[PDB]
Amino acid sequence: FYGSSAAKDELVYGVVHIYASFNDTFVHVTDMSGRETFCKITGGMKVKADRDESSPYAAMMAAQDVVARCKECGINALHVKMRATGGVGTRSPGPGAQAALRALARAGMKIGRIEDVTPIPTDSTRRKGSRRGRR
RNA sequence: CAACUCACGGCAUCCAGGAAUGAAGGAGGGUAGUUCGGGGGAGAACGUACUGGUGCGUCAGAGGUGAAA
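Residues numbered from 1 in each chain as written, not as in the entry; some residues may be left out. Chains lettered and ligands numbered in written order. Part of a larger assembly, values for the part shown. Heavy atoms only, no water.

Engineer: Any chance you could explain the overall build of chain A here in plain terms?
Structural biologist: Across its full length, chain A carries two helices and five strands. Beginning at the N terminus, the succession of helices and strands in chain A can be written as β-β-β-α-β-α-β. Principal-axis analysis of the C-alpha atoms gives chain A an extent of 60 × 35 × 20 Å. Buried positions account for 33% of the 135 residues belonging to chain A. Counting only contacts in chain A whose residues sit at least 6 apart along the sequence, the fraction spanning at least 24 positions is 67%. Accessible area for chain A stands at about 9700 Å²; split by element, carbon and sulfur atoms hold 49% of it. Across chain A, the centroid of the 22 positively charged side chains sits 10 Å from that of the 13 negatively charged ones. (Helix = DSSP H or I, 4+ residues; strand = E, 2+ residues; numbered from the N terminus. Buried < 20%, exposed > 50% of the residue type's maximum accessible area, 1.4 Å probe, protein only. Contact = heavy atoms within 4.5 Å. Areas by Shrake-Rupley, 256 points an atom, 1.4 Å probe, with all protein chains shown as cover. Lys, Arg positive; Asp, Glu negative; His and termini not counted. Charge placed at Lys NZ, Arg CZ, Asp CG, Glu CD.)

Engineer: I would appreciate a short explanation of the layout of surface pockets in the present structure.
Structural biologist: The rolling of a water-molecule-sized probe over the atoms marks out the regions of remaining empty space. Of the voids in this model, the largest pocket is the one considered here, and its volume is about 340 Å³. Grouping the constituent residues of the lining of the largest pocket by class yields seven nonpolar, four polar and five charged. Looking at the second largest pocket, its volume works out to about 250 Å³. Forming the walls of the second largest pocket are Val88, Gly89, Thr90, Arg127, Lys128, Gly129, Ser130, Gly133 and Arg134. When the residues that make up the lining of the second largest pocket are grouped by side-chain class, the tally is one nonpolar, five polar and three charged. (1 Å grid on protein atoms, 1.4 Å probe; cavity = no way out; pocket = protein on both sides within 12 Å on 5 of 7 lines; lining within 4 Å. Points joined across faces, edges and corners; volume = space filled by probe spheres on them. Nonpolar A, V, L, I, M, F, W, Y, C, P; charged D, E, K, R; others polar.)

These figures come from the coordinates and say nothing about function on their own.
So, in structure tokens, the structure goes:
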């Protein structure tokens with residue numbers, strides 16, 4: 001395997017970006033800089049159906065097959081950053097989390113310092129749609 | 001021309017006999033508190049976000065919807 005030469009049985013943290021939306025989930029894995037990756041596995045890939053990309057089953061079935069790589073890279077622990085659709089999109093996250101997290105934690109990864117990093121504008125121009133909304 | 005009790009007289013002589021009703025629970029104008037405030041104009045900076053681009057990583061899906069295209 002291609003893992004660390006540092007220590008044995010002493011925690012090595014990665015960073016995990018859990019992108020939640022109403023039309024997809026992603027799970028992504030990086031080191032600390034975010035200039036280098038280890039995984040990039042998306043809810044969509046684990047299903048065949050446009051409908052069922054974002055549903056909680058999909059999410060979990062990504063998260064599994066992420067930790068199925070990360071262990072081999074020597075990543076024991078994780079730090080987790082939760083994100084929602086956009087800045088002019090919704091502050092509320094998708095149902096692809098409360099799926100994702102609850103997989104990872106019971107997949108034999110450790111966890112610490114969960115955060116919410118999502119775009120919040122000081123102000124924006126126009127939200128897409130119209131004065132009367134979608135109707 | 002001056003000197004010179006007091007008078008006459010001379011002096012682009014002066015002030016006072018309140019000589020001009022009151023100061024509207026009307027208006028106007030002052031003086032002040034470094035007063036009071038998303039009031040107005042000009043100039044110099046600040047903030048994230050949307051969008052585009054560049055560099056560095058990864059690799060097959062991503063967008064979108066009730067379901068799709």
